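Asker: Dropping a structure here in structure tokens format, bear with me for questions.
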Ligand SMILES: *C/C=C(\C)c1ccc(-c2ccc(N(C)C)cc2)s1
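Numbering (the deposited numbering), first residue to last: 1 to 133.
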């Protein structure tokens, strides 16, 4: 399936700490963030995605069109300029963010009724799993 529409509730989060540290997120922010449950709301219409991550203390929204490069400034994360591109590899949605950090980006897919997210930066991978609400 290629349909990521829905409200998705975090049920599993692995190495969130390592990933944030690879992005040079400040220690105090990491200390709180690694504790928190996140919810991801995805609105998808063909290539057009609008996504919104929420937690008690932090939000992170990003909209994109699959196949269309977009310059990104990651304000509420690590405050860097990257060139971002989201494309399909089969049923896996793949984002590459070209910039200072190598191997930076993510992958999303569905297996069964669950959303899987792999976040990458440098040699660090964070893996998250969400259940559909
Ligand atoms: C497709 C999934 C994306 C773009 C994201 C999932 C989680 C994100 C995130 C986690 C933590 C923070 N802070 C600043 C604590 C920001 C964003 S993005």
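For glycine and all other residues, C-beta sits at the position ideal for the given N, C-alpha and C.
1) With distances taken Cα to Cα, identify the nearest neighbour of residue 127 among 3, 34 and 2.
2) Within a Cβ cutoff of 6 Å, which residues of the same chain sit near residue 94, ignoring the five residues on either side of it in sequence?
3) Could you check which residue in 112, 111 and 105 has the C-alpha nearest to that of residue 118?
4) Using the C-alpha atoms, what's the distance from residue 99 back to residue 111?
5) Tell me residue 109's beta-bridge partners as DSSP assigns them.
6) So who's on the other strand from residue 78, going by DSSP bridges?
7) Which one of 82, 129, 120 and 47 has the shortest CA to CA distance from residue 114?
8) May I ask you to report which of helix, strand or coil DSSP gives residue 8?
9) Where does the unbroken alpha helix (DSSP H) through residue 32 begin, and where does it stop?
10) May I ask whether a heavy atom of ligand 1 can be found less than 7 Å away from the beta carbon of residue 68?
Answerer: Straight from the coordinates:
1) 34
2) 87 and 107
3) 105
4) 30 Å
5) 116
6) Note: residue 78 sits in no beta bridge, so no partner.
7) 129
8) strand
9) 27–33
10) no
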